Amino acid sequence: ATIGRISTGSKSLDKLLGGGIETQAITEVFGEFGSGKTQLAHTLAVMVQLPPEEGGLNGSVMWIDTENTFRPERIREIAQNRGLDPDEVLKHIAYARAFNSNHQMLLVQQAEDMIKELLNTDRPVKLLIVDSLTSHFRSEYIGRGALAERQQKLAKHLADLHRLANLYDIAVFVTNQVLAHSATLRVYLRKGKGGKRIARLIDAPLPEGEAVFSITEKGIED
């Protein structure tokens, strides 16, 4: 299967990404508390629902929340301001709150059923969000000996996500609040002066440079 690419809403960030975030891949956004990781996730949950000529994939969404940060009214606002129906957009997002890291791991395995269910409909699942990917593992696996044990369980969780991305042609997008890392692509996000947000690719020897965008009623835009 040819790769699909989901626009972020930022044409500069889309250029860094070669067109958008890719299916058959795990994209990690990481940065300090407050840098906009969850806003980028909200914006992507709408953009994927657009038709391809508008940067989407006519796709459904599955969202795993670990910090109670998902906001349906934010989804509806972004949808409305980009020309889509707010309730229809909300309807095509499946939502789960992970109670702990072990619940988080079972929810990903359980997601394969709905993915198969929607696969050959007109709105197959095209985006799987995990926000936050690491917060539960950080609180549960801590102290002497936890570095190896935590990285092992996290590697298996990420392996499960890679398999779903590749088997079913899905883009996986994960956040991490800031060690080896397993994601396909890592994006560093930070706040700038004057309400700007700045993104940069990490340890990706393609495009060099930084994208600068704002958080708006459309989600994000340059």
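We number the residues from 1 along the sequence you see.
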Legend entry - Sequence continuity check, residue 178 and residue 179 (deposited residues unmodelled): 4 to 9
Inset, instruction - Please say, as none, 1 to 3, 4 to 9, or 10 or more, how many residues of the deposited sequence are without coordinates in the interval between residue 205 and residue 206. - result: 1 to 3
Inset, instruction - Read off the CA B-factors in the entry, average them over 20-28 and over 196-204, and name the higher stretch. - result: 196-204
Inset, instruction - Taking the mean of the C-alpha B-factors per stretch from the entry, tell me the winner out of 95-103 and 137-145. - result: 137-145
Inset, instruction - Would you mind checking which of 129, 79, 108, 119 has the top Cα temperature factor in the PDB entry? - result: 119
Legend entry - Deposited CA B-factor, highest of 154, 62, 171, 44: 154
Legend entry - Where the record places residue 184 (Cα B-factor, split into thirds across the chain): middle
Legend entry - Within-chain third of residue 163 by Cα B-factor, per the entry: lowest
Inset, instruction - Sort the modelled residues of this chain by their C-alpha B factor and say whether residue 6 lands in the lowest, middle or highest third. - result: lowest
Inset, instruction - Report the third (lowest, middle or highest) to which the CA temperature factor of residue 190 belongs, ranking only the modelled residues of the same chain. - result: middle
Legend entry - Lowest, middle or highest third - CA B-factor, residue 66: highest
